[PDB]
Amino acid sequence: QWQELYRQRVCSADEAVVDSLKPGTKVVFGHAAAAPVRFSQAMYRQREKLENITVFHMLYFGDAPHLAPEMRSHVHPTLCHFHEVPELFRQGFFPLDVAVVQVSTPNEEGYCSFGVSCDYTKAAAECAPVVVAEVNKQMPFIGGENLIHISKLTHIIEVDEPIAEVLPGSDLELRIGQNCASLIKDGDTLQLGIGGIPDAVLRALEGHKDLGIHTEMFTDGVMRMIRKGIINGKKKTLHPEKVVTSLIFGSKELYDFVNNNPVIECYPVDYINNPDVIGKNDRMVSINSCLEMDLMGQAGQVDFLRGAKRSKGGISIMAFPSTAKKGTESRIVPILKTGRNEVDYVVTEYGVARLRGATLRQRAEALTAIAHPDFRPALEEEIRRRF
């Protein structure tokens, strides 16, 4: 019986903060919608006892108390190929002492699931001699290499509390979506973000068949298409018939859909984002969105560039809106405020630009052609002074 262990290791958040957080300890929190805010809440209440605690993390959803100024001298936070984060632990760059994660209720064999976060959070759990897991009756159970046994948990804080939600097209954005879809083939195993552009893209793909998934994250958009019959990874040559990521967040509907669903699986990033693994998926098409680009081709985002460039028939698209601050500012510049032999296509509301196989001069102007119209003669002017 492992429930007799379950019983022997359960405490309150506060008792777990106090016993697990020796002066000078460093701690890592699991991330995104699996962020262990109860434990953050307990570190707040118990502040007057904590001494030199360092915390490491990335996305937190709800987690107030640590950057609360009164944490000063009690706990401070520390910090771009996403797939290498896990190596910070597995190599001692960040000598984590305690990993604080939020899992789900364990199953008939005493196995809990990381739920909506595998990413760096499971590697951390594996590299910490003390693991504090909030056991959440609301955390969904999702499979793949996403499990952790009850016996690896030092302190269990049983709770019950809804998994933070983030609800996710638009005019411009939609046209962006539409142009991407001319690059995407029935049968392609995609990678996209979360946001206007991604949800646009999936809107543009409602006339596609057999698509597959292999992203570092996904939202409600994916549910929707799995739902309509379009995402099925029947053609996937890696994890055929299932949607793989490293994390998930979105609405309560997302959470209830992914709970206990065979066709969804998590894996950590030191895998999912590995260009080598990415590569094994054919027709892999990654779609990312950078914040500015130059007349030359220069801007997890990068992991997927590289890894898209290894699958047979893969490509990589950078899609973004041709301006910023209501069209005052061009996201395409001569000179930027990660060099070119990176991306194959670039898409804006004004259309497509092919980069794989282009001269310095074509890349320049094929881009200028999809820039905002105001900016095109300033831009075209620049090419001329370069030829």
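Note that residue numbering begins at 1 and tracks the sequence as displayed.
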- Hey, how big is the hole between residue 168 and residue 169 in terms of deposited residues without coordinates: none, 1 to 3, 4 to 9, or 10 or more? 1 to 3
- Query: According to the PDB entry, how many deposited residues between residue 299 and residue 300 are absent from the model (none, 1 to 3, 4 to 9, 10 or more)?
  - Reply: 10 or more
- Note on the structure: Higher of the two mean Cα B-factors (251 to 259, 215 to 223; per PDB record) comes from 215 to 223
- Message: Quick check: 93 to 101 versus 133 to 141, which has the larger average CA B-factor in the record?
- Response: 133 to 141
- Name the one of 272, 88, 264, 123 with the greatest CA B-factor according to the PDB entry. 272
- Query: In the PDB entry, which of 157, 116, 244, 308 has its C-alpha at the highest B-factor?
  - Reply: 308
- Message: Looking at the temperature factor on the CA atom of residue 350, which third of the chain's modelled residues does it land in?
- Response: lowest
- If you rank every modelled residue in this chain by C-alpha B factor, which third holds residue 291: lowest, middle or highest? highest
- For residue 231, the third of its chain into which the C-alpha B factor falls: lowest
- Task: Report the third (lowest, middle or highest) to which the CA temperature factor of residue 63 belongs, ranking only the modelled residues of the same chain.
- Result: highest
- residue 79 - which third its CA temperature factor falls in, relative to the rest of the chain: highest
